[PDB]
């Protein structure tokens, strides 16, 4: 709206804020990519000073001796407020502190919630009641997990989207590599180019693979409460499926592209277990290092955990551009390669031919997302109906897994996954 912005890191004492948020905002400030009149205000329960945050986080800054002066400037633009997350007086203190800044009463306010969603219901309330700007815009950045299933995610999203408009909500997702946004971009451009030929007449099968060669790196405790379907598939792989199967948008507006994405999502039926192959990785005896340890050998993983580290799922877009064309989402950890690609196999009319869009592996994709929040571009942020459709697609399966607890097929650290995945792929027609 104007020239003055306030970046409010809710929960600045956190681990995400220490290791990623503060270093990323510092890199954006140093490279001159933030607005010139930007203030950063941390807010949390820990009674901290800006010097405490500096000591905690500057090790992660890439702080070189040549950059001292603008680093001191950046930290001069920092302040911190201690307060509770459901205390109205604390939020009033925060609002007064923000108003006391230079043109803080007219400044745009970017709240970013480096907090567990368990407190979101409180925070989003108090903000909406005490800290929104009357003149500049107000944009909120929420973090994963966007709920756990259709029900919890609807509860959280209906609460948040009862206090803020959709163009104020930014559901950020940025944990799958520094090339994510660019991968989605090349897939959208490929959809624009190859659109006229991506039909059920030419295409016989599409895959989307997300491959990782390392395991949970002794962090399986956090991964255990989510699973590989929640971690990679119902958010990222499904979103590139949308980008592949979508119709041409009405324009280049972010909301038109997201409209076409949700229009695709509303054509996918609810996946069932007979189209799913789950898998868990075991230690490799002949390997060395972390390859000798399996998933259950992780000390943070509870004994008897049946959560999958590998998933192969078959979906179907049910319109008359794609009908009976199987979309095979295959992803997993502790595999043979670090690969992310989409490949479309054609109908042989003459072996079978494929078109392969390989994806990686300047603004590092996470810096690009913060910059997009600053600019107002919502294209790489999932919409409420988009998220609801994803959860609707994947919720009955997840409920069945949580209820019946089936053992997912074992596969060795460094393999390609269980052979049953290949059997399913070839049963739905893959060659």
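Positions refer to the first chain, counted from 1.
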Problem - Missing from the model but present in the deposited sequence, between residue 361 and residue 362 - result: 10 or more
Practice task
Look at the stretch from residue 350 to residue 351 and count the residues of the deposited sequence that the entry does not model, then pick none, 1 to 3, 4 to 9, or 10 or more.
Solution key: 4 to 9
Problem - Entry-level comparison of average CA B-factors, 18-26 and 405-413, reporting the higher stretch - result: 405-413
Completion exercise
Quick note on 276-284 and 112-120: per-entry mean CA temperature factor is higher in 276-284
Problem - Identity of residue with top Cα B-factor, from 95, 199, 79, 168 - result: 199
Exercise for the section: Select one of 150, 203, 184, 127: the residue whose C-alpha shows the highest B-factor in the crystal structure entry. Expected result: 203
Exercise for the section: Ordered by C-alpha B-factor within the chain, which third holds residue 67? Give me lowest, middle or highest, please. Expected result: highest
Problem - Third of the chain's Cα B-factor distribution that residue 58 belongs to, per the entry - result: highest
Exercise for the section: Just say lowest, middle or highest third for the CA B-factor of residue 328 relative to the other modelled residues in its chain. Expected result: middle
Fill in the blank from the handout: On the chain's distribution of Cα B-factors, residue 157 falls within the third called lowest
Handout entry: Cα B factor band for residue 390 (lowest, middle or highest third within the chain)
Key = lowest
